[PDB]
Amino acid sequence: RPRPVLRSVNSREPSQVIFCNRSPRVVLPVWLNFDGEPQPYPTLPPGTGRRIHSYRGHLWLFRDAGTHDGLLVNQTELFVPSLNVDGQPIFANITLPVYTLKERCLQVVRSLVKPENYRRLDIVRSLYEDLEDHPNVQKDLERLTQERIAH
Amino acid sequence: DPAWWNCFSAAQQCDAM
Amino acid sequence: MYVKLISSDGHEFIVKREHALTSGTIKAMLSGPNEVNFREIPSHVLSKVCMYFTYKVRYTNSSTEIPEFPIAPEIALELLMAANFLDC
Amino acid sequence: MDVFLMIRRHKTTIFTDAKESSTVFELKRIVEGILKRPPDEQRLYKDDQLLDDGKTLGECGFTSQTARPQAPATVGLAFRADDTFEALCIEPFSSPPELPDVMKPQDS
Ligand SMILES: *CC(=O)Nc1ccc(NC(=O)C*)cc1
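Here's the deal with the site of the ligand
Part 1: For the ligand, the full set of nearby residues is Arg7, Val9, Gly57 and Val80 of chain A together with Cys7, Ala10, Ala11 and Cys14 of chain B.
Part 2: Residue neighbours of the ligand fall on chains A and B, so the site bridges chains.
Part 3: At 2.7 Å, a side-chain N or O of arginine 7 of chain A approaches an oxygen atom of the ligand.

Let's talk about the interface of chain C and chain A
Part 1: With 24 residues of chain C at the contact, the number on the chain A side is 23 residues.
Part 2: Taken over both partners, the interface formed by chain C and chain A buries close to 2000 Å², and the fraction arising from carbon and sulfur atoms is 72%.
Part 3: Run the count over chain C and chain A and you get 2 salt bridges.
Part 4: The partner of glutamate 68 of chain C in a salt bridge is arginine 104 of chain A, and the shortest N-O contact between them spans 2.8 Å.
Part 5: Where chain C meets chain A, there are 8 residue pairs in polar contact.
Part 6: Secondary structure elements with two or more residues in the side of chain C that touches chain A: α3 (43–59) and α4 (73–86) of chain C.
Part 7: Residue composition of the side of chain C that touches chain A, grouped by class: 16 nonpolar, 5 polar and 3 charged.

Side note on the packing of helix α3 (residues 137–149) of chain A against helix α1 (residues 3–15) of chain B
Part 1: Running from N to C, α3 of chain A and α1 of chain B cross one another at 80 degrees; their axes reach a closest spacing of 11 Å. Viewed along their axes, α3 of chain A and α1 of chain B adopt a mutual orientation that is roughly perpendicular. Residues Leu144, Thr145, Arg148 and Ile149 of chain A of α3 of chain A touch α1 of chain B, and the partners they reach there are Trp4, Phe8, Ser9 and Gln12 of chain B.
Part 2: Residue composition of the contact of α3 of chain A with α1 of chain B, by class: 4 nonpolar, 3 polar and 1 charged.

A look at the domain arrangement of chain A
A common way to report how large an interface is uses the accessible area buried once the components associate.
Residues and elements named next belong to chain A.
Part 1: With domains assigned, chain A is organised as domain 1 (5–95) and domain 2 (96–147).
Part 2: With both sides pooled, the region where domain 1 packs onto domain 2 buries about 1300 Å², and carbon together with sulfur makes up 62% of that total.
Part 3: At the junction of domain 1 and domain 2, the tally comes to 1 salt bridge.
Part 4: Residues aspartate 140 and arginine 63 are paired through a salt bridge, measuring 2.6 Å at the closest nitrogen-oxygen approach.
Part 5: There are 4 residue pairs in polar contact connecting domain 1 and domain 2.

Here we look at unusual backbone geometry
Part 1: Phi at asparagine 74 of chain A takes a positive value of approximately 50 degrees, unusual for a residue other than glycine.
Part 2: Tracing the sequence through the fold places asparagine 74 of chain A in the loop between β6 (72–73) and β7 (90–95).
Part 3: Positive phi values are uncommon outside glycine, yet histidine 10 of chain D reaches one of about 50 degrees.
Part 4: Relative to the elements of secondary structure, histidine 10 of chain D occurs in the loop between β1 (2–9) and β2 (12–19).

Some remarks on the packing of aromatic side chains
Part 1: In the structure shown here, the tally under the stated rule is 11 aromatic pairs over all chains.
Part 2: With a centroid separation of 6.2 Å and 40 degrees between ring planes, the pair formed by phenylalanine 13 of chain C and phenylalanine 15 of chain D is classed as tilted. Residue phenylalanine 13 of chain C is located in strand β2 (residues 12–16), and its partner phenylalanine 15 of chain D is located in strand β2; the two belong to separate chains. Like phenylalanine 15 of chain D, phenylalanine 13 of chain C is buried.
Part 3: Clustering of aromatic rings is evident, with ring pairs tying together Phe19, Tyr41, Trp60 and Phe62 of chain A.
Part 4: Cation over ring: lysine 48 of chain C sits above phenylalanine 69 of chain C, and NZ or CZ is 5.6 Å from the ring centre.

Digging into the pattern of salt bridges
Part 1: Counting across every chain of the model gives 24 salt bridges over all chains.
Part 2: Between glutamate 68 of chain C and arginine 25 of chain A there is a salt bridge, with its nearest N and O atoms 3.0 Å apart. Of this pair, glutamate 68 of chain C sits in the loop between α3 and α4 while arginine 25 of chain A sits in the loop between β1 (14–22) and β2 (27–32), on two different chains.
Part 3: Look at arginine 25 of chain A and you get buried, because its relative accessible area is 10%.
Part 4: Here the residues in one salt-bridge network are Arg25, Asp64, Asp69 and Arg104 of chain A together with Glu68 of chain C, joined through shared partners.

Thoughts on helix α1 (residues 101–110) of chain A
Part 1: With 8 of 10 residues buried, α1 of chain A is to be regarded as a mostly interior element.
Part 2: Looking only at α1 of chain A, the buried set comprises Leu101, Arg104, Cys105, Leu106, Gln107, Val108, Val109 and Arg110 of chain A.
Part 3: The elements touched by buried residues of α1 of chain A are α2 (128–132) of chain A together with α3 and α4 of chain C.

Side note on the sheet that holds β2 of chain A
Residues and elements named next belong to chain A.
Part 1: Taken together, the 3 strands give an open sheet; going across it, the order is β3-β2-β5, and neighbouring strands pair in antiparallel fashion. Each of the sheet's edge strands pairs with one partner strand only, and the pair in question is β3 (38–40) and β5 (60–64). Taken over all neighbouring pairs, the strand axes of this sheet differ in orientation by 35 degrees on average, direction set aside.
Part 2: As judged from the 5 bridges shared by β2 and β5, these two strands associate in the antiparallel manner. Paired with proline 29 across the bridge in β5 is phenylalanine 62.

Cut-offs applied
- Residues numbered from 1 in each chain as written, not as in the entry; some residues may be left out.
- Chains lettered and ligands numbered in written order.
- Heavy atoms only, no water.
- Near = heavy atom within 4 Å.
- Polar contact = N/O pair within 3.5 Å; in protein donor to acceptor, adjacent residues only side chain to side chain.
- Contact = heavy atoms within 4.5 Å.
- Buried area = accessible area lost by both parts, 1.4 Å probe.
- Salt bridge = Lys/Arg side-chain N within 4 Å of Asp/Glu carboxyl O.
- Helix = DSSP H or I, 4+ residues; strand = E, 2+ residues; numbered from the N terminus.
- Nonpolar A, V, L, I, M, F, W, Y, C, P; charged D, E, K, R; others polar.
- Axes fitted to C-alpha atoms, helices over the stretch in contact; angles between N-to-C directions.
- Parallel < 35°, antiparallel > 145°, perpendicular 65-115°, else oblique.
- Domains from an automatic or database assignment.
- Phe/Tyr/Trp six-rings, centres within 6.5 Å; stacked < 30°, edge-to-face > 60°.
- Buried < 20%, exposed > 50% of the residue type's maximum accessible area, 1.4 Å probe, protein only.
- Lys NZ or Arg CZ within 6 Å of the ring centre and 35° of its normal.
- Pairing = 2+ DSSP bridges.

Shown next, in the form of structure tokens:
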């Protein structure tokens, strides 16, 4: 209720991090600052890597740079740097998630028709709303927070 | 457990003392 | 165990049960009082739907590099309506 | 390593998976468990070339990069009518309709 909890500490301890883009999308790396607000960072082309100077105990989420589609890193949602034990840089293998076929079909249609034509399509009622409900990071953080609260 | 499950839970306990 | 899924135009798709139970809608049609008819789903859609069953059963939990699931634009509108209806 | 297949005859379409180091006869066993017909009553085809029983799927041309999940490779099938095998037939799928006036590229 006070501060959002999906956030990074100011641990001041450096950490070597490498983002690998094992996805066909243009990945957008995102760092949540010490207040929970997401900071975007330069995009990653598909199949490319990059060493990144982040810090021990930060948070990183990755999305499609154009569509904001959700992406998994190391098979999970968020990524946490840590100590570099004996040289070792930390790998953040960004991957696609196994989308639901519904959300996947919306992904394609959203990339063909553009907003004002979402309601120019002869489809069932509760689908224009799903088309207009684009993937949102700020709301997926609210969801990701609300999910684990019950645990 | 994922590395961010601990990142969340440690904040909740620290932030809301 | 194999189940059979029929399209409207008359194609017979036989897939494993764990594959068909990916769709929650199909879990109920064959829960018990197998073979299922889909009289508004053509063959070119139900075939792609059957591919997604194999796609999810294969790549869920798998630590491999997951590739894109392709959808052609001409079938994107129909596959969406089926995906909404079939719930998967 | 793992290959994913569409065994097709007329309007029947079977989805299954095998491994590259498995023979065509072993795949004819998989169909026997499904369609209740013995291997000697089956003839498997890649497009229109008859695949013999002794060879593996990888040797027949079903590599993991072509027999993928999201895009499985079609495996032709023909049964024996009386004492002579049928003509290999796979009924095509339904055709999608015209792409709407909106979903077209349009950019000059
Ligand atoms: C008081 C405080 O800052 N707790 C806190 C916040 C965030 C994190 N995140 C990670 O360690 C990744 C830990 C503790």
